[PDB]
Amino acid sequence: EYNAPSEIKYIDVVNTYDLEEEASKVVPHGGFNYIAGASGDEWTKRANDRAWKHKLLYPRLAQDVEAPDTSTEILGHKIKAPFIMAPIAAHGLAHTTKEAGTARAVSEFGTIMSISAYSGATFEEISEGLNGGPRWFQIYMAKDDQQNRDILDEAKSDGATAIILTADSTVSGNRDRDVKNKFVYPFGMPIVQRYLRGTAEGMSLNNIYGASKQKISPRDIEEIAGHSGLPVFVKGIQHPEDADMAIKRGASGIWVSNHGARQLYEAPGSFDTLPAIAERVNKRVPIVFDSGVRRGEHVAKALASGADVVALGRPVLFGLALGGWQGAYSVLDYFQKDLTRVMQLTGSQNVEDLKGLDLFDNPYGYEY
């Protein structure tokens, strides 16, 4: 029955906040609120957003800066801007073109696609959208070790150059919108189907997580690293000691995230946790940051705070809903141009310059 939008078009993006209410008009109610909502009464989602006001950028002048360069490299991938696509389940909730739509946007823009293990599209379908573009695969682990070896082998054969272990979802967050909507997936999840008691199609996220592994330990990081022979990111980190644990267990990257506030409730805004994590990582491996990035100023602040790249999520999926691959592309294009302005005004010629920026501490918070 599920009526996702199908129109493909470029969209004007004045800011990404506006994209939420615009997408609400064309995405089915249940799937829309699955995308936009968060745990509890969403205080931690708001904290993700308001955390950006805690550290403020300085305009800098006579900086000898012209035509700032947004390109950077991560684990040997040359990318057009210091952002990648976050792994997000079930893109068919936003658009009929689903993950193949997002992939085409990401590949044509020139950055990395993260593929969710809970994708509604097959590796084949996503691949067609990517048309050779770089991809990282995000695993939600099976309890069965051989099923993990199989999923990993499949992802690597498909072209994955890194594995993302998402470990902050051993059980579902208390997502009140989905409870109240009795939200259930309107389609299957071909990559993890093998460990579900049928198809994801009738099921709640609660029961899908939880078919997944609960008893994740540092051993799983060493094992995934060992088996795949690929660099492994550990995703969902908010406490510095977990970054140290992950690196000691063989991780090649740290991915700071609170899952866009969809997991543990009454936790800090993700940005506030980043400096402590970056201090503990001590440059040993690259850091991806996510959860609340909406503006070029947010990309800059994350890099100035110890991140190497950020990952984008909800705004790209809202762009997807509004215009397919072209809509998603408009959002990526927006972020690149937004960051370019910020770079010029802050005195940053290149991405490495962003990493060195002074930030103004704002002890007053949001209301100032």
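So that there is no doubt, residue numbering starts at 1 and follows the sequence shown.
Visitor: Take the C-alpha B-factors listed in the entry for 319 to 327 and for 37 to 45, compute each mean, and give the stretch with the larger one.
Guide: 319 to 327 has the higher mean C-alpha B-factor.
Visitor: Regarding 218 to 226 and 195 to 203, which shows the higher C-alpha temperature factor on average in the entry?
Guide: It is 195 to 203.
Visitor: Would you mind finding, among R295, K180, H91, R262, the residue with the largest C-alpha temperature factor in the entry?
Guide: Among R295, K180, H91, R262, the highest C-alpha B-factor in the entry belongs to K180.
Visitor: Based on what the PDB entry reports, which of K143, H239, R175, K235 has the top C-alpha B-factor?
Guide: Answer for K143, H239, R175, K235: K143, with the highest C-alpha B-factor.
Visitor: Please rank the C-alpha B-factors of the chain's modelled residues and tell me whether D153 sits in the lowest, middle or highest third.
Guide: Its C-alpha B-factor, which the entry lists for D153, ranks in the middle third among residues of this chain.
Visitor: Where does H77 sit by CA temperature factor within its chain: lowest, middle or highest third?
Guide: Tercile = highest for this residue's CA B-factor.
Visitor: Within this chain's modelled residues, let me know which third the CA B factor of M189 belongs to: lowest, middle or highest.
Guide: It belongs to the middle third of the chain when residues are ordered by C-alpha B-factor.
Visitor: Split the chain's modelled residues into thirds by Cα B-factor; is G31 in the lowest, middle or highest one?
Guide: Middle third, going by the recorded CA B-factors of the chain.
Visitor: Among the chain's modelled residues, which third holds the C-alpha B-factor of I208?
Guide: Top third by C-alpha B-factor.
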